[PDB]
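Peer 1: Dropping the structure in here first, questions after.
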Amino acid sequence: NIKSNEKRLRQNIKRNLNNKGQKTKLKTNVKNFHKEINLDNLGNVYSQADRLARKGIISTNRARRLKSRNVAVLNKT
Amino acid sequence: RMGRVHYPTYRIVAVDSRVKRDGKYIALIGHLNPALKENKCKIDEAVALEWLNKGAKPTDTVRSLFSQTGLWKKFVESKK
Amino acid sequence: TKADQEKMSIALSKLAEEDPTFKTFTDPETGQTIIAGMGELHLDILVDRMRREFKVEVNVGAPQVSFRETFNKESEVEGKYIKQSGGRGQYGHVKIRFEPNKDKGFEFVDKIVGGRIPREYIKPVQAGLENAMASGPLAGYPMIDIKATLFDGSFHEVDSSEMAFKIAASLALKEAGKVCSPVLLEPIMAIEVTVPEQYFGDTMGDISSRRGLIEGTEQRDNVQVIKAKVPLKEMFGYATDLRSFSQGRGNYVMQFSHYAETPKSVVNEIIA
Amino acid sequence: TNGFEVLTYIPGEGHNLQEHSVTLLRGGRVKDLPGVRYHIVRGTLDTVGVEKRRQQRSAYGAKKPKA
Amino acid sequence: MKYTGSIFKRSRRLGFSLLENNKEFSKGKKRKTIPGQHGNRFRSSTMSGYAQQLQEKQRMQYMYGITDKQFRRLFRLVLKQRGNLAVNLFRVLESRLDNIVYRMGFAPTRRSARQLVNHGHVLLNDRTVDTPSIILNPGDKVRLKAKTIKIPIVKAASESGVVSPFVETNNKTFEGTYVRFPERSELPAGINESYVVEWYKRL
RNA sequence: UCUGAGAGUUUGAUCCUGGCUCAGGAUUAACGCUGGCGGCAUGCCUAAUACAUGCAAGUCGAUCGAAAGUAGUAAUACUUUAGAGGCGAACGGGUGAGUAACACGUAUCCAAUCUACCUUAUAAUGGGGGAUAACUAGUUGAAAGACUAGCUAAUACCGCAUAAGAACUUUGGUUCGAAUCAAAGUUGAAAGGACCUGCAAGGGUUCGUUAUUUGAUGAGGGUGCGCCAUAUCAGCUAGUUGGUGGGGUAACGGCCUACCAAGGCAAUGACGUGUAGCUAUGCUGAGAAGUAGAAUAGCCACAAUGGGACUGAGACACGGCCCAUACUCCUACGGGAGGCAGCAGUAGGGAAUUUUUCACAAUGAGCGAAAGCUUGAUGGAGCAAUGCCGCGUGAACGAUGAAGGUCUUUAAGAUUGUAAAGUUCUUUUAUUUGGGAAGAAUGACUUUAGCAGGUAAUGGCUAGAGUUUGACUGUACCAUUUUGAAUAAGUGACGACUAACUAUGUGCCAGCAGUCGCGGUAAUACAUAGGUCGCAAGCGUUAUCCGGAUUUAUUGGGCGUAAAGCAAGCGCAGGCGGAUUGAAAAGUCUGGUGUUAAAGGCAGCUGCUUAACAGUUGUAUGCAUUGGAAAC
C-alpha cells in the first residue's frame with residue numbers, strides 16, 4: 001500500500017513554518033517601504049527578498065513585479 | 001509489448017520519457033523484430049540523430065543494437 | 001409471498017447443496033414445500049439461517065393434502081346445450097347414468113342402440129369426461145377409475161358443434177354431481193413403530209386418537225414392532241406428538257398402504 | 001419488474017401455467033387479439049414445454065428426439 | 001457437410017459426378033431420377049432463376065467438398081484481384097491441394113486425398129501438411145514423405161488415372177510440380193459460372 | 001478496371017397515391033436444442049450501490065546519527081531498517097454521473113506563459129552558527145500510543161563574503177501594443193560524498209550541489225470555422241458591461257478590490273428545458289449520408305458527497321492534509337480506524353457476460369555507481385461456442401436393391417441404399433515411450449586490447465570471450481512411440497412469399513404464423529411418421545442500427561380530383577435579380593509549402609503448414625500561407 005507518506009506528512013509542516021517566517025519578514029520590509037519611500041528601505045527589501053527569490057518559496061516573477069512596483073513610487077519623487 | 005501474443009513487437013519510436021507505451025510521441029525511427037534476430041533492424045540512421053540531439057535518449061535496451069548498427073560512434077562525436 | 005417463495009427456493013437449493021440433512025418435495029396439489037424436519041427446532045434453524053443471512057420474511061404453513069372422490073350411483077341426468085353462437089347452430093342433449101367402480105379403471109359404454117348420435121361425435125366427449133375426471137363438482141378432488149355409460153343422447157343434424165358435447169359433459173356432471181353428495185377416499189397408510197415396550201401406552205393412545213385399529217402388540221421376539229393403520233390427514237402433528245411421548249426414543253417409517261373409505265366426520269369438512 | 005405490465009400469448013399444445021409463476025417474456029406479435037405483442041417462451045425458470053415436439057425444438061422447449 | 005459419407009444421393013439428384021461416371025454400377029436399378037420418395041413424375045415446386053442458381057451453386061460446391069462459409073471467404077479474397085473472375089474462381093478453387101492431388105493421379109477422389117493429407121501422409125516445402133486449404137503458388141513442388149509411400153491405393157492409382165495438362169509429375173518418385181493455371185476448355189465442366197457469380201450477394 | 005436485383009398485400013377485375021412485412025449484413029449481445037479441435041479476438045450496456053480479507057509506489061547506507069548480527073582483544077569487512085534527509089509518489093490503472101461549453105476536433109497566436117529532472121557551453125564548487133528526530137528518562141494503557149525533560153549529525157536549516165552572467169532603475173544604440181545593445185547604481189552562491197596517486201604535500205578522477213546559458217519536453221492561456229433536439233422555451237443578465245488606481249495569478253485580463261460610467265447578447269433562436277463523454281473510427285450504403293461512439297489510442301471530467309488549503313517544478317491530488325455531511329467498522333466504551341468508478345472477489349439488480357491465479361523472462365517507470373529492489377502496468381495461465389478462422393466424426397471395393405421402416409395404401413414393386421453386411425488402407429484427434437528448441441545473446445559482472453581532454457594512477461566509450469537470467473512448457477515440432485475406424489452430428493424448413501412432398505390421427509376443436517392466411521368430416525399450411533432439402537460444430541429465436549426505402553427526395557418527391565397552395569392583401573429583414581466596361585480577387589479553378597497522430601479503411605509485399613492474423617511499403621478528404629486565371 002503505502003509506507004513512507006507520513007514522512008512527507010510531518011516533513012512539510014516545519015518547512016511551511018519556515019516559509020511563513022520568510023514571507024512575514026518580506027511583508028514587514030514591504031510595509032516599512034510603504035510607510036515612506038527612500039533608497040535604504042528599497043535596498044533592505046532587495047537584500048532580504050532576493051534570498052527568498054533564490055529558493056522555492058516565491059517565484060522570481062512576483063519578486064520582479066514587486067520591485068518594479070516599488071521603484072515606480074521611488075521614481076515618483 | 002505490442003502486436004501479437006507469442007509474436008511480440010516494439011517499434012523504434014522517438015519519444016520523451018514522460019508517458020506510457022503506445023501514446024504521444026514525436027517521430028517513428030524504425031522497428032526491430034526480436035522474433036527473428038540476425039543482426040538486422042529497421043533504422044533510418046538520419047532522424048535518430050535529430051532525436052538524440054534534442055535529448056530524450058532512447059530506451060536502455062537498444063544501446064547494444066545501436067552500437068551494432070553504428071550509431072553510437074557517430075553520436076559521441078559531439079562530446080569529442 | 002411468491003417472491004419470498006422464489007428466493008426461498010434459491011436459498012434452499014444451495015442449502016441442500018451444502019448441508020445434506022433433509023429433503024425437499026414439491027407436489028402439484030397446490031404448490032407446497034414438504035420439508036424433512038427433526039422437531040420444531042429443525043424448521044426454526046431453517047428460518048433463522050434464511051432470514052438472518054438472505055433477508056427473507058416467511059411464515060410456515062399447515063400440512064395441506066387432498067382426498068379422492070366417489071359419489072352415489074345416480075339414475076338420470078339432463079344435460080342441455082342451448083345457444084345461438086359460433087356462426088352456426090349449437091346444441092347437445094346428454095343423459096348419462098354415471099357409475100363409479102373399484103375393480104378396474106375407466107371404460108366407456110355406448111347405450112345408443114338406434115344411432116341417434118353419430119359415432120364420430122362420441123370419442124371427443126369421452127375424452128371430455130377423461131378431461132373432467134381430474135376436477136369434480138365440489139373442489140376438483142381426484143376422480144380415479146370411474147366408468148361412464150352414455151345411456152341416451154341427441155344432437156342437431158346440421159348443427160350441434162362437437163365441442164359443445166364435451167362442453168356440456170362437465171355441465172350436467174356438475175349439477176347431478178352436486179345432488180350426488182360424494183363421499184371421500186382417504187389415503188390410509190401403515191406405520192411401523194419399534195418400541196422397547198415401556199412407553200407404548202402414550203403411543204397406543206395417540207394412535208387410537210388418530211382413528212386407528214389397535215388391540216394388542218406384535219413383537220419381533222425381543223422388541224415390539226407394531227403396525228398401525230393411519231389416515232394421512234393428521235399424521236404430520238402425530239410425528240412430533242409420538243416423538244415427545246417416547247422422549248424421541250422411538251422412530252418410524254412411512255409407507256403407502258392404499259386408499260380407504262372415509263367416515264362422515266371427514267366428509268363434513270370437505271367444504272367450508 | 002419495471003413499470004409497465006402487459007399481456008402475452010401462450011404457445012404450444014397444452015400449458016403449464018396456472019397462476020403466480022415467474023417466466024420469460026420475449027418480443028413478438030400475434031394477430032388474433034388486440035394489443036398482444038409478446039410471447040411467453042417456454043423452457044424457462046418455471047414453465048416446462050410440449051415434451052414431444054421434435055420438429056420444432058428450439059422453440060417450445062423440449063429434449064432431443066427420442067432415442 | 002465437410003465429410004458427407006453419402007455422395008450417391010447427391011449424384012442421383014443432380015445427375016452429375018465428381019469422376020467421369022462411376023456412381024451407377026447397376027447394383028440394382030440404375031435410375032437417374034431424384035433419390036428418396038417424391039414421385040417419379042414430379043420435378044420441383046419452384047423453378048425460377050433462384051432455383052437454378054442455387055442448383056448450380058450446390059453442384060459446384062459439392063464437386064469440391066467445400067463448406068459455404070469458406071466459399072464466401074474465397075470469394076472475398078477473389079474480389080481483391082481483378083480480371084475475368086468467372087474463370088478465376090475456377091482457377092483458384094482448383095489450386096486447392098486435393099484438387100491438384102487428383103490432377104496428379106495420386107488419388108481418385110478429393111475425399112480420399114483429404115484423408116491422406118490430414119493424417120500426415122504428404123510433405124510440401126519440407127513442412128508437414130494436414131489441410132488442403134493451401135493457396136498453391138506457381139513454382140511449387142510436393143513430396144510424399146517416403147515413409148508413407150507404401151500406401152497401396154496411391155501406388156495402384158498412379159498409373160490408372162489421367163494427368164491434367166497444366167501439371168507435371170515424376171510419378172516414379174511420386175512427386176509432382178505445378179506448371180501453370182488451369183483452363184476452362186481443358187477440364188470437364190459445363191457449369192454456368194455466371195450464376196455462381198451473381199447468386200452470392202454478401203458482397 | 002471500378003459504381004444501383006426484387007416480391008407480397010386494400011378492390012368482381014384493373015390503374016394510381018400511400019403504409020407494413022419478407023429476400024442483406026452486424027454487434028459490449030441472450031434464450032432452447034445440442035456439441036471434436038487449434039489460433040486470433042472479446043467478455044457489467046443496467047446500480048458512479050455498499051463493499052469482508054490479502055495484494056496494488058516505493059527507493060537511496062557509495063547521504064547521516066542511532067541499533068543488531070556474522071568472525072576479529074580494539075580497529076574493522078559486510079546484511080538490515082525504526083528515524084532524519086534526498087528523489088519519486090502530480091506517473092501508470094480504471095470509470096463515464098454531471099458538463100450542450102473554446103470542453104472536445106481543427107488551423108493558429110502567446111510584443112502575455114513556467115518548464116526540476118535529459119541535451120549545449122559557462123561563472124563555480126569559500127567560510128561559520130544554531131538546530132531536532134531515533135535514543136535516555138518520567139505518566140497512561142490490553143496493546144495502542146501520545147504527552148513531558150536531556151543529548152546528538154549531515155547533501156536538513158539559518159547567517160558571514162566573493163561574482164562572469166542574471167534581476168532591478170538613469171544615460172545612449174534601437175521595433176511590426178512592445179524589443180534589441182552600451183556605461184552606471186543595486187543585489188543575491190552553495191555541500192559535500194566515493195576513489196586514486198602520493199610518508200605527510202597537493203592534485204586528479206566519479207556522483208552531486210549553486211548561479212547560469214542552450215534547445216527539446218510537457219503544461220497553461222484567447223480567438224477563426226465546424227461541432228444534439230426543443231418556439232407547447234421572448235426577452236436573459238447583474239461583476240453583468242467599460243475607464244481609471246491598487247492587489248493578485250506562472251503570466252494577460254472585473255480575476256479581486258475603491259471610485260466613476262450603463263450596456264452586452266438576442267427572432268440569423270439568447271435564455272430555459274430534455275438528452276449526451278468528445279475524436280480517429282466500428283457497422284451499413286456505390287455515394288452523398290445514417291447509426292453507435294465496446295475494445296485500442298488523445299483530451300477533459302470526477303475519486304463516498306461538498307468545501308478549502310499545505311507540499312513540491314508540476315495537485316487543489318484514484319489509495320496526501322483539515323473541516324462539514326451521509327454511511328460504515330472496532331473497542332477493556334477511555335477513544336479510534338475506513339472509503340475496490342486499482343486486480344481478482346462478494347452482496348443486489350438485471351435475461352446476462354470470467355479465477356477471491358503464476359512472475360517481473362520481454363518492455364516501461366522510481367531510486368541507486370552498481371549486485372539490485374517495488375511494479376494487480378505488464379507478460380502469462382484459466383474460465384467463458386462470445387465472435388472469426390482452419391480443422392475432424394475416416395477413405396477406396398462391395399445387390400436388379402440384406403432385414404426392416406415408409407410408401408405403392410390394390411400385394412405385384414419402389415424407397416431408405418454403397419449408406420449398410422462384409423473386404424482393404426490409414427491414424428488429424430485419441431493412448432502410451434523419448435528427444436525436446438525459439439521467445440534473451442537483451443543488462444550487468446570478470447578477465448583482454450584500444451580511444452579520448454589526462455595522469456603517477458583511477459575512472460567514462462568502443463571491440464573480444466566466459467557467467468548466467470524462460471513464469472510460460474512434459475508448449476510447438478518430430479521421433480521402428482503402442483493400439484485400433486476406432487474416441488467423436490446437430491439444427492430449421494418442405495402451400496406461395498424464398499428450396500425441397502406423401503401417408504396417418506385431428507373435424508372452426510385441439511391447434512398454427514414475419515406476410516398472404518389454413519383447419520365446419522381429403523389439412524401437402526395443425527400433431528405425428530417416412531423421405532427430402534438450407535446451414536453447420538454450430539443451427540435456429542426474439543432487440544437494437546443500416547440496406548431494401550428517392551419512406552424527409554442537394555444527390556433523388558410533390559401540392560386540380562388521393563394527405564398537401566395559407567381567405568385575400570400591404571409590406572420590415574432575408575433570398576434571388578436588365579446590359580457594357582474597369583479594378584482587385586470575397587468564393588471558385590489551379591500550383592508549392594506546413595498541418596490532417598498511432599493503430600484502423602483500401603492496394604502490394606513478408607512470416608506464421610495455410611487461410612484467420614500481425615508487420616511493412618504507400619494512399620485518404622480538411623485547414624492556413626504563398627503565386628497565377630478573371631468566365632461566373
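All residue names refer to the C-alpha cells as shown: chains lettered A, B, ... in order, residues numbered from 1 in each chain, ligands numbered from 1 in order.
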Would you list the contacts of residue C:61 as a PyMOL selection string, taking every protein, DNA or RNA residue within 12 Å and counting only C-alpha atoms (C1' of nucleotides), but skipping same-chain residues closer than 4 positions in sequence?
Peer 2: chain C and resi 1+31-35+43
Peer 1: Would you kindly report the residues of chain E within 8 Å of chain F, using only C-alpha atoms (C1' of nucleotides), as a count of residues only?
Peer 2: 34
Peer 1: Would you mind listing what lies within 10 Å of residue C:263 as a compact mmCIF listing (two decimals) with C-alpha atoms, in the first residue's frame, with only C-alpha atoms (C1' of nucleotides) counted and same-chain residues fewer than 3 positions away left out?
Peer 2:
# COMPACT_ATOMS: atom_id res chain seq x y z
CA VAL C 183 -68.01 -39.47 -0.25
CA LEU C 184 -64.26 -39.08 0.13
CA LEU C 185 -61.46 -41.63 -0.18
CA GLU C 186 -58.58 -41.05 2.20
CA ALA C 260 -59.77 -46.44 2.07
CA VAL C 266 -64.17 -36.39 7.30
CA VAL C 267 -66.70 -35.51 4.59
CA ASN C 268 -68.35 -32.80 6.69
Peer 1: Could you jot down the atom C1' of residue F:224 to atom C1' of residue F:590 separation for me, Å, one decimal place?
Peer 2: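 Rounded to one decimal, the two atoms are 25.1 Å apart.
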Peer 1: Within 6 Å of stretch 7-15 of chain B, counting only C-alpha atoms (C1' of nucleotides), which residues qualify if same-chain residues fewer than 3 places away don't, as a list in words?
Peer 2: residues 1, 2, 3, 4, 25, 26, 27, 28, 29, 30 and 31 of chain B
Peer 1: Could you tell me which of D:36, D:22, D:7, D:17 comes closest to chain C if we count only C-alpha atoms?
Peer 2: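 Smallest separation from chain C among the options: D:22.
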Peer 1: If we count only C-alpha atoms (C1' of nucleotides) and set the cut-off at 9 Å, which residues sit around residue C:159, ignoring sequence neighbours fewer than 4 positions away in its own chain? Please answer as a list in words.
Peer 2: residues 88, 89, 90, 91 and 155 of chain C
Peer 1: Go ahead and save the picked residues with N, CA, C and O atoms, as a PDB file, in the first residue's frame.
Peer 2:
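The resulting file, again.pdb, is shown below:
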ATOM      1  N   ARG C  88     -73.189 -20.749 -36.380  1.00  0.00           N
ATOM      2  CA  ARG C  88     -73.986 -21.910 -36.749  1.00  0.00           C
ATOM      3  C   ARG C  88     -74.840 -22.302 -35.551  1.00  0.00           C
ATOM      4  O   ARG C  88     -74.964 -21.554 -34.578  1.00  0.00           O
ATOM      5  N   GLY C  89     -75.435 -23.487 -35.632  1.00  0.00           N
ATOM      6  CA  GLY C  89     -76.264 -23.976 -34.550  1.00  0.00           C
ATOM      7  C   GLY C  89     -75.499 -24.785 -33.526  1.00  0.00           C
ATOM      8  O   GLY C  89     -74.767 -25.716 -33.875  1.00  0.00           O
ATOM      9  N   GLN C  90     -75.657 -24.433 -32.256  1.00  0.00           N
ATOM     10  CA  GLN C  90     -75.013 -25.136 -31.156  1.00  0.00           C
ATOM     11  C   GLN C  90     -76.068 -25.854 -30.325  1.00  0.00           C
ATOM     12  O   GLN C  90     -77.050 -25.245 -29.889  1.00  0.00           O
ATOM     13  N   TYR C  91     -75.863 -27.149 -30.111  1.00  0.00           N
ATOM     14  CA  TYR C  91     -76.870 -27.971 -29.455  1.00  0.00           C
ATOM     15  C   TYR C  91     -76.187 -29.181 -28.831  1.00  0.00           C
ATOM     16  O   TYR C  91     -75.052 -29.518 -29.180  1.00  0.00           O
ATOM     17  N   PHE C 155     -78.666 -34.815 -30.807  1.00  0.00           N
ATOM     18  CA  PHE C 155     -77.920 -33.712 -31.395  1.00  0.00           C
ATOM     19  C   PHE C 155     -78.756 -33.115 -32.522  1.00  0.00           C
ATOM     20  O   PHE C 155     -79.905 -33.508 -32.745  1.00  0.00           O
TER      21      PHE C 155
END
Peer 1: Go through chain B and collect every residue that DSSP, computed from the backbone, puts in strand (DSSP E); the answer should be as a PyMOL selection string.
Peer 2: chain B and resi 2-4+7-14+27-32+42-43
Peer 1: Can you pull out the residues contacting residue B:76? Cut-off 12 Å, using only C-alpha atoms (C1' of nucleotides), and skip same-chain residues under 5 positions away; I want them as a count of residues only.
Peer 2: 11
Peer 1: May I ask which of the residues E:147, E:180, E:41, E:103 is the closest one to residue E:121, counting only C-alpha atoms?
Peer 2: E:147
Peer 1: Excluding residue C:224 and its own-chain neighbours fewer than 2 positions away, which residues fall within 7 Å of it when counting only C-alpha atoms (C1' of nucleotides)? Please give them as a PyMOL selection string.
Peer 2: chain C and resi 194-197+217-220+222+226
